[PDB]
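Worksheet: one structure, shown below.
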Amino acid sequence: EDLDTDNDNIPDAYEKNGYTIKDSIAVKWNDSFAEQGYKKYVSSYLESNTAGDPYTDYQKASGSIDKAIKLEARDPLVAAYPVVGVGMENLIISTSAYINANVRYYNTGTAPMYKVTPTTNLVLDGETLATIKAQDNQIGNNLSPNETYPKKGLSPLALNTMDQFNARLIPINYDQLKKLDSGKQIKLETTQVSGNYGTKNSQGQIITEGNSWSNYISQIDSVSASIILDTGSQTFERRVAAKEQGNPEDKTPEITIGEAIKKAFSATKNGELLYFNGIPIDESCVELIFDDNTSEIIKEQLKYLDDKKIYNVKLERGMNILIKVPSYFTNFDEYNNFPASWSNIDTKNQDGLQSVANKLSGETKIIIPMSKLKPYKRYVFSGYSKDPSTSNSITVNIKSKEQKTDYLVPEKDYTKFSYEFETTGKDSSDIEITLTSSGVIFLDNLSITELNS
Amino acid sequence: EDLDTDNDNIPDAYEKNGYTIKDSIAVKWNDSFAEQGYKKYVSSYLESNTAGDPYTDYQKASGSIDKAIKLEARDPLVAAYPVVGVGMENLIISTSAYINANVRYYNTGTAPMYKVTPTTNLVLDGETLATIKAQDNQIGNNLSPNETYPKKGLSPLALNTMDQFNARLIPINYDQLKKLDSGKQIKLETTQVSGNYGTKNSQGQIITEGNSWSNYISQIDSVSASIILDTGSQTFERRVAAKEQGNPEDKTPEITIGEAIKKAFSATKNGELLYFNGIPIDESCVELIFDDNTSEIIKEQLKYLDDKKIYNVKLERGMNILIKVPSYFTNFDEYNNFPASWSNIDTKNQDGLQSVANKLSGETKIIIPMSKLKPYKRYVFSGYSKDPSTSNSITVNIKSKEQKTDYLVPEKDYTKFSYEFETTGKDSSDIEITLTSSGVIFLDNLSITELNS
Amino acid sequence: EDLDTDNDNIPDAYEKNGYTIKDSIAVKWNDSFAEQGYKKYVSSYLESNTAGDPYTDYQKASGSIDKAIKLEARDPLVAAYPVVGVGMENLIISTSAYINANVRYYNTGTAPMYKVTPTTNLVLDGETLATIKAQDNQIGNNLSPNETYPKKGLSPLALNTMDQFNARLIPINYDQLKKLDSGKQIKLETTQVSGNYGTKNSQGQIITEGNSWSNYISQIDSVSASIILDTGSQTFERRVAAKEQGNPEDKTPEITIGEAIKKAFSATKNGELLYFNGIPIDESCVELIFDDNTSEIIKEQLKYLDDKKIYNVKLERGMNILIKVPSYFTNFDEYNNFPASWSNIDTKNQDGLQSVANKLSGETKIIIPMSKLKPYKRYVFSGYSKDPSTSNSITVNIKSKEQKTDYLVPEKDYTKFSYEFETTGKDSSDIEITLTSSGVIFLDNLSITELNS
Ligand SMILES: [Ca+2]
Ligand SMILES: [Ca+2]
Ligand SMILES: [Ca+2]
Ligand SMILES: [Ca+2]
Ligand SMILES: [Ca+2]
Ligand SMILES: [Ca+2]
Ligand SMILES: [Ca+2]
Ligand SMILES: [Ca+2]
Ligand SMILES: [Ca+2]
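Residue numbers (the UniProt record's numbering), protein chains in the order written: chain A, 216 to 310, 385 to 742; chain B, 216 to 310, 385 to 742; chain C, 216 to 310, 385 to 742.
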């Protein structure tokens, strides 16, 4: 109808159901609008800023905001939130002594952040040497998403001043140098970052002076769940709005984990498979990492669902989700990046997850060279196994810093198994993997994924 | 009706009685609204800000305030009040000499506090070495309730500057080092903290510039009673509005201590039992600590009440209440965390406080290992005893720094007994507890609670 | 009609089709208006600022903006965007030691930029010595396009102060001088530049105080493609607005690469040939340099087009295009700047690209003196070859740092061939070029172009 409780130019009936923006006006969603390229939006009819960002639902949906904001933040359920961190490129120490850093700022959010003023800590071993706020020489005027300051091809900015105006960074005593010579080196971490956001005033100009991102950080972090996606080299962090559990007046729409991922990362869905930029981010092709609360919530909710899939679990406020695209992934259909081919593989099957499976009759042993491996790193080998007989056990031998010999009992249906090991030393013993089964098994989606060192 | 004396969008009749917020409008409370999850609110019809905070009754009730504010502060009788303290994580001294601290700020209130600027004192023994206000490098942009700055996983921020811009902390003379070498160490206490609160302006943005928390601290502290709850590791401080005694024009609603606790901490009530987060905070399961004025007020009011319970005493302005969840608690029904089982215990009874009691025929002696004990600490052993005969006396022997031998005369009904002792030295004599009675007694709710060292 | 969705004084029908400004009002475009000197403008009817600059479509089209802005930015599809860089004219080092620079700012954009405050890095070899922001003494009040500060005839401005107020630039230790004496010299690069833009207020005056160019840099860079033109001595950088691919609500007009170049550089078109300032910038007379993404996009789009020309490819958002006017260019019609004439050239032909071709029967060898050559530089020799027989192969011998002997198979129609070599040392061996073919070939548009050293 024409009822607007929160006065954001979108009718309450349109917000409760689907709606789309055409010619800068909101209209009812129709299933025939998807082939033209339109997207269906849903938002709370009792709140103008469903996601908690400075931009209302209408501004996000109609694209009436800064054009450097990523389109993923045009969804009213996805918050435009800059994530900025400081990377320490180089360290210089020279005479007490003086210390200097070459650093570069990174942005992994959905919104640009003007006037970047990071605050950093200098910690050697537990003890924090100094806390430094960015001075006038170390302030970035612009920082667009998926971009750095200084940009690519430019040297990292210098940091040598402790306080305002002119100052020199200096350890308090010779003990710092004494423990530096022993073999202890210095970290750098970011405690907070200050910056501005852009709005259009009554004169049509863009102002970024009185608009502070710190006025919305606590609000966004309290009404949303965090989803992080790592692709080995690039990382993307997103916040998705979720409804309150015990609040009856909370009208935030409810979406699942897969729907939230698709909304936050704008991943193309080809019927059922989900692709980010041609890289499959489907549930069975990636590693999912959760904290204790999210893990227990998902385990509790899974038993009440017949499908029993992570992507079908309703998103809830306070969730932290990490997605790790496997470094090595083979499915015997369209991708096999392993430098060395597997042993005793039969592709003549039709019982696989997507197209076919691997009919293993005996054992499979793989020799992985360490040239394409990262030393001093923890890895996880994951896979999907199928055994209708449920009478054969699989024993696995993994070569690592400590030799691992483990046993597994496959189930009737496809079951995921993951084994964690650690590799230390580049010029060390070669990594060997072996798995032997009593009879004939089905294997699919074998992955090697890096974890924290 | 439609009479609004204070002009806060809530009718006076609705405020005097119960009311609830539905579709952003206030409506009469109905007993059938509780099963939908709604809450009943009451507030003064002669004051827009009943609790004394910057947010009016309508804004609190309808949730038109900053979303990082805890839901306990959505009650008009509970004030959104940040409680911020500075914890001194590490101390570094090195050459006169120079001193540096690694500190972290903590928030235990219901509202976020922006631009945290604490003021701290450096006291060694009585004499205050220096008073330091937080500089630009030591200011926290955001500080959400139940969160720290820097957040978990980040090193504590450094403090080495005395005055504005650039300065070095330094003792005035060698006497400081002379008495430091003797074995005297340095404390750190917070005298005041400066910060901002968030409000939405006419343009829909959030501004935290001219909004100071110091404009409301004295007002809140003068029209409210303080309730603190300690759970061994976490502490929560709340302020609950109370009416003036001699003022006839004060229309603040009157609530009891149990109702105030439930409102302030959002504790679930399962008929009669009260739980915070699964931890029972019922009157008989926790330790209640009061100052002299509150103690005498409660003792005076108890004699005029037939029920004779602390939680049924009307809350009054100026009250200070402390709740300490017992470290060890046994009730013989659903909880027994004592590492060593009790002696001569008979659970076959039906005269207990909730389900059953302990039928002790003789004596009970418990040997508590000091591995799960805190040395150099004062402890209290509390319990509930019942003796219909009223002819048997109970003598208790408690091993501590000084051996305690005390006598008790149980009453006809259940009576609470508390004994205070001190344990000194980790590698000291083991703690022994014994209590002997002439005949058969009923024992329930035995608790061991830590006190100040 | 009279429908204005974005309220920029231009009807939507006029924006969708062509329109022109007459007597400060927008009117329908007519084909008879071109002979009077009028230009046809197109812009999005759903956005007031199609290009993303602080000036709306009407202000750009009608010339209601600062008069120092170049007329190329009067097109609503071309953004008024200043490009400012710092050129290091001289370096002085003298005693640790002190360092001073003589520098001059350059502007290669379409808009003037007031209050220029560049930020620069001092890098010797990887390590960044210091980052310096322009102080009060090094700020340029005005910087017009194609102009410098200080202007021509004035000495470059001095830079010797590191921080605010008064400071002296100084290396941290003697290691800087130690590696300077070895033969390592210092670069200077610009990380960012701050400045203002001019707008007219309600009183008719021009204000450049609160108008910051950093509020529009990220917006312009995200909705436009960059085109750079280098003419050996002068460089011009432009941004041309392009539409979003997947957005159905993006109404930005679509133009080709040649049309975009003509719009951005105001190049006169004499039917088909395109001239910048009498220098032909036609597709076959210049070198086109693309990044990987633009190269693959253009290759993909070319196969779907019958004409198969770069200038007919539709411009797309995110494109980076570089145009290099060849240093030496001969076409046997109206231009031959080679100091030494070619060998075995027959101009009696009528099958050339524009007027005639070169009928080569045998081989062509050219001796190019190094007096008009730049030592330690990489060069490219390009040309167009035609062979209807398609039975003769052409072998080329190029003298350089390494002697190059390459083979080529000409096609039936005109085909472009490019060969890259490097010349090192002014007092080195003379450069020789030779190319021999089995039979009779057609040669046209022979060019020598400088590349990066
Ligand atoms: Ca609405
Ligand atoms: Ca809404
Ligand atoms: Ca498969
Ligand atoms: Ca009222
Ligand atoms: Ca009121
Ligand atoms: Ca009991
Ligand atoms: Ca228009
Ligand atoms: Ca327009
Ligand atoms: Ca020609």
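Just so you know, even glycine gets a beta-carbon here, dropped at the ideal spot from N, CA and C.
Q: List the endpoints of the continuous alpha helix (DSSP H) containing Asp246 of chain A.
A: Note, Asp246 of chain A: premise wrong, no alpha helix (DSSP H); not H, not E.
Q: Could you please tell me which residues of the region 490-512 of chain A, in chain order, have their CB closer than 8 Å to any CB of chain B?
A: Those residues of the region 490-512 of chain A that come within reach of chain B (Cβ to Cβ, closer than 8 Å) are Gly499, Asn500, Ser501, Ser503, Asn504, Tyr505, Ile506, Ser507, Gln508, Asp510, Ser511 and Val512.
**Q.** Cβ-based contacts, 9 Å cut-off: residues of the region 523-544 of chain A near chain B
**A.** Residues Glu533, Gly535, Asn536, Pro537, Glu538 and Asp539.
(Q) So the candidates are C:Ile280, C:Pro434, C:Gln424 and C:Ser385; which of them puts its Cα closest to the Cα of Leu448 of chain C? (A) Measuring from the Cα of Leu448 of chain C, the nearest candidate turns out to be C:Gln424.
Q. Would a check of beta-carbon distances place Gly567 of chain A closer than 8 Å to chain B?
A. Chain B places no beta carbon closer than 8 Å to that of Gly567 of chain A, leaving this residue out of the contacts.
Q.
Among the candidates A:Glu623, A:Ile586 and A:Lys592, whose CA atom is the shortest distance from the CA of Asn609 of chain A?
A. Considering only A:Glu623, A:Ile586 and A:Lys592, the residue with the shortest C-alpha distance to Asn609 of chain A is A:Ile586.
Q.
With a threshold of 8 Å between beta carbons, is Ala419 of chain A in contact with chain B?
A. Output row for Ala419 of chain A: interface = yes.
Q | Below-8 Å beta-carbon distance, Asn396 of chain B vs any chain A residue | A | No - not a single Cβ of chain A is within 8 Å of the one on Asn396 of chain B.
Q) Excluding the five sequence neighbours on either side, which residues of its own chain have a C-beta within less than 7 Å of the C-beta of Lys231 of chain C, listed in chain order? A) Hits under 7 Å: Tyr260.
Q.
Does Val301 of chain A pass the burial test, meaning 16 or more other C-beta atoms within 10 Å, or should it be called exposed?
A. Here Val301 of chain A is buried, its C-beta having at least 16 other C-beta atoms within 10 Å.
Q: Have a look at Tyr463 of chain C and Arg289 of chain C and give me their C-alpha separation to the nearest angstrom.
A: Approximately 54 Å between the Cα atoms of the pair.
Q) Mapping DSSP to helix, strand and coil, what is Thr524 of chain A? A) Note: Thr524 of chain A maps to strand in three-state DSSP.
Q) In chain order, what residues have a CB nearer than 7 Å to some heavy atom of ligand 3? A) In chain order, the hits are A:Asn620, A:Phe621, A:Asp622, A:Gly641, A:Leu642, A:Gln643, A:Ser644, A:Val645, A:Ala646, A:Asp733 and A:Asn734.
Q: Going by DSSP, name the residue or residues bridged to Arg393 of chain C.
A: In the DSSP secondary-structure assignment, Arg393 of chain C is bridged to C:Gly302.
Q: Kindly list, in the order they appear in chain F, the residues whose Cβ is closer than 7 Å to that of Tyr387 of chain B.
A: Structure shown: chain F not included; protein chains present are A, B and C.
Q. So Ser511 of chain C is in the beta strand (DSSP E); what residue range does that whole segment cover?
A. Premise fails: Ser511 of chain C lies in the alpha helix (DSSP H), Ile506 to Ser511, not in any beta strand (DSSP E).
Q) Which stretch, first to last residue, makes up the beta strand (DSSP E) that contains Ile737 of chain B? A) Looking at the DSSP string, the run of the beta strand (DSSP E) that includes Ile737 of chain B is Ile720 to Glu739.
Q: Using a Cβ cut-off of 8 Å (strictly closer), state whether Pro439 of chain A contacts chain C.
A: Yes, because at least one Cβ of chain C sits closer than 8 Å to the Cβ of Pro439 of chain A.
Q. Counting Cβ pairs closer than 8 Å, one from the region 240-252 of chain C and one from the region 681-694 of chain B, do we hit at least three?
A. No, they do not touch.
Q. Is the shortest distance between the beta-carbon of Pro291 of chain B and the beta-carbons of chain A less than 8 Å?
A. Cβ-Cβ to chain A under 8 Å: no for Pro291 of chain B.
Q) Would you say the region 523-536 of chain B touches the region 622-633 of chain B, given that touching needs at least three Cβ pairs under 8 Å? A) At 8 Å Cβ cutoff, the stretches do not touch.
Q | chain A residues whose Cβ lies nearer than 8 Å to that of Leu261 of chain C | A | Identification of chain A residues near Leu261 of chain C by a Cβ-Cβ cut-off of 8 Å yields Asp238 and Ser239, ordered along the chain.
Q) Cβ of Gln427 of chain A less than 8 Å from any chain C Cβ? A) Judged by the 8 Å Cβ criterion, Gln427 of chain A is in contact with chain C.
Q: List the DSSP bridge partners of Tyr256 of chain A.
A: Residue pairing by DSSP places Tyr256 of chain A opposite A:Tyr234 in a beta bridge.
Q) Within the 8 Å Cβ cut-off, does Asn609 of chain C reach chain A? A) It does not; no Cβ of chain A falls within 8 Å.
Q. Within the present structure, is the beta-carbon of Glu230 of chain C separated from the nearest heavy atom of ligand 7 by less than 7 Å?
A. For ligand 7, a non-hydrogen atom lies closer than 7 Å to the CB of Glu230 of chain C.
Q: With a cut-off of 8 Å on the beta carbons, I'd call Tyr600 of chain C and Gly547 of chain C a contact; round off their distance for me.
A: Right, their Cβ atoms sit about 3 Å apart.
Q) Would you report the Cα separation of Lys675 of chain B and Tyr296 of chain B, rounded to the nearest angstrom? A) Spanning the two alpha carbons is a distance of roughly 42 Å.
Q | Residues that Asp519 of chain B bridges to, as DSSP identifies them | A | Within the DSSP secondary-structure output, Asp519 of chain B pairs in a beta bridge with B:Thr524 and B:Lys613.
Q | Supposed contact pair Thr399 of chain C and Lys285 of chain C - C-beta distance, whole angstroms, cut 8 Å | A | With a Cβ gap of about 4 Å, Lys285 of chain C and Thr399 of chain C count as contacting.
**Q.** Identity of the residues DSSP links to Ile683 of chain B by a beta bridge
**A.** Looking at the DSSP assignment, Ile683 of chain B forms a beta bridge with B:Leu697 and B:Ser726.
Q) Whose C-alpha, out of A:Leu469, A:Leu466 and A:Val575, is nearest the C-alpha of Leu518 of chain A? A) Ranking the options by Cα distance to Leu518 of chain A, first place goes to A:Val575.
Q: Measure the alpha-carbon distance for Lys441 of chain B versus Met402 of chain A and round it to whole angstroms.
A: Cα-Cα distance, rounded: 24 Å.
Q: Could you list which residues in chain C have their beta carbon closer than 7 Å to that of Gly252 of chain A, in chain order?
A: Below the 7 Å Cβ cutoff, chain C contributes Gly535 and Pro537 as neighbours of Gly252 of chain A, in chain order.
Q | ligand 8 heavy atom lying under 7 Å from the CB of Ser584 of chain C | A | Look at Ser584 of chain C: its beta carbon is at least 7 Å from all of the heavy atoms in ligand 8.
Q) Mind checking if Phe554 of chain A is an interface residue toward chain C, Cβ cutoff 8 Å exclusive? A) Residue-level contact by beta carbon fails for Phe554 of chain A and chain C, as no gap is shorter than 8 Å.
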